[PDB]
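Structure, as structure tokens:
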Amino acid sequence: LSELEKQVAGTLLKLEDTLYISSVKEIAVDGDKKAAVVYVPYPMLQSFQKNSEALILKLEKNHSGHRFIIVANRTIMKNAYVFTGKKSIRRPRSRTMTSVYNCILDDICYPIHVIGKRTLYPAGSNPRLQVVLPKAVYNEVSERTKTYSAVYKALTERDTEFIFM
RNA sequence: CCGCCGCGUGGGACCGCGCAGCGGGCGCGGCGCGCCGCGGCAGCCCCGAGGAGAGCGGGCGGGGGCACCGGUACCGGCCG
Numbered sequence: 003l004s005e006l007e008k009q010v011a012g013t014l015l016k017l018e019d020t021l022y023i024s025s026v027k028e029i030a031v032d033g034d035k036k037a038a039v040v041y042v043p044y045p046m047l048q049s050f051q052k053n054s055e056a057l058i059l060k061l062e063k064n065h066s067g068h069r070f071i072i073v074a075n076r077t078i079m080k081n082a083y084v085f086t087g088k089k090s091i092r093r094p095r096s097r098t099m100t101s102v103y104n105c106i107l108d109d110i111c112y113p114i115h116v117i118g119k120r121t122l123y124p125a126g127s128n129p130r131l132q133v134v135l136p137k138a139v140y141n142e143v144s145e146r147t148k149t150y151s152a153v154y155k156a157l158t159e160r161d162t163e164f165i166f167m
């Protein structure tokens, strides 16, 4: 129940000539441009991912003022086992904190595959992570690395920086 | 203050175990044993160790066992 969903859904209906989204979150960057995330339901992520690049481009052209990102919504449980007193319940490994963050990272920029991750530990600076991307693509995603870092920090408290190799 | 391998509280990093879905209504204050929509859940597999094992292809080798088999030489005998 927000204004943005209404016009983005209007655009959605204006694309084809079935699939619905859960919610939307926008976050600003250092520049006046913001980035909007779409919390897609988990099962329909792959169906949205067949040609997500086209959808994001058409949405950007339809409604400017901020970039459109599409991601799934995953839950996190905070206990490996559960002691009901009678039987012990195992938490599946897919619901851990670490798996969700990595999947989020891969989803933020699915069309361009990540070729490596590295975390650096400076002497005093808060430890930070730098990823590695192909040189085949750069100017395609060079202009939108700051937004990627900002959204990663927003969703995950962990920070990051982007490079190419 | 000092003879405790036992008792209680907390911490919970390190050290090792946790196979058998959950949520709600019938359902009594609670806990059980059952009946009900799956109609509430992202329902239900870390990765795959310059650890180990199995598999395919390649050649490599006085590696092993069985049968068969040639060559002079030592020895003995015989013709001259």
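Numbering (the numbering used here), first residue to last: 3 to 167. C-beta: ideal position from N, C-alpha, C; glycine also.
(request) Counting only the same chain and skipping the five closest in sequence on each side, list residues whose C-beta sits under 6 Å from that of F166. (result) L135, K137 and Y140
(message) For the pair the stretch 9–21 and the stretch 112–132, tell me if three or more CB-CB distances fall below 8 Å.
(response) no
(request) List in chain order: all unbroken alpha helix (DSSP H) runs of 4+ residues lying wholly within the stretch 3–58. (result) 5–18 and 47–51
(request) Give the C-beta separation of residue 212 and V102 to the nearest angstrom, bearing in mind that I take them to be a contact with Cβ-Cβ under 8 Å. (result) Because residue 212 is not part of the residues shown, which for the chain are 3 to 167, the question remains open.
(message) Which residues does DSSP list as the beta-bridge partners of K119?
(response) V133
(request) With DSSP collapsed to three states, give me the class of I114. (result) coil
(message) Which of the three DSSP states is assigned to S90 in this structure?
(response) strand
(request) Report buried or exposed for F85, applying the criterion of at least 16 other Cβ atoms within 10 angstroms of its Cβ. (result) exposed
(request) Might you give, ordered along the chain, the residues of its own chain that have their beta carbon closer than 6 Å to the beta carbon of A74, omitting 5 neighbours on each side? (result) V42, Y44 and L47
(message) Less than 7 Å between the beta carbons of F50 and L61, yes or no?
(response) no
(message) Using a Cβ distance threshold of 8 Å, determine whether the stretch 28–43 contacts the stretch 88–98, with at least three qualifying pairs required.
(response) no
(request) Look at the alpha carbon of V143 and the alpha carbon of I58, and state the distance between them as a whole number of angstroms. (result) 14 Å
(request) Select from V40, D161, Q132 and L17 the residue whose C-alpha is nearest the C-alpha of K63. (result) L17
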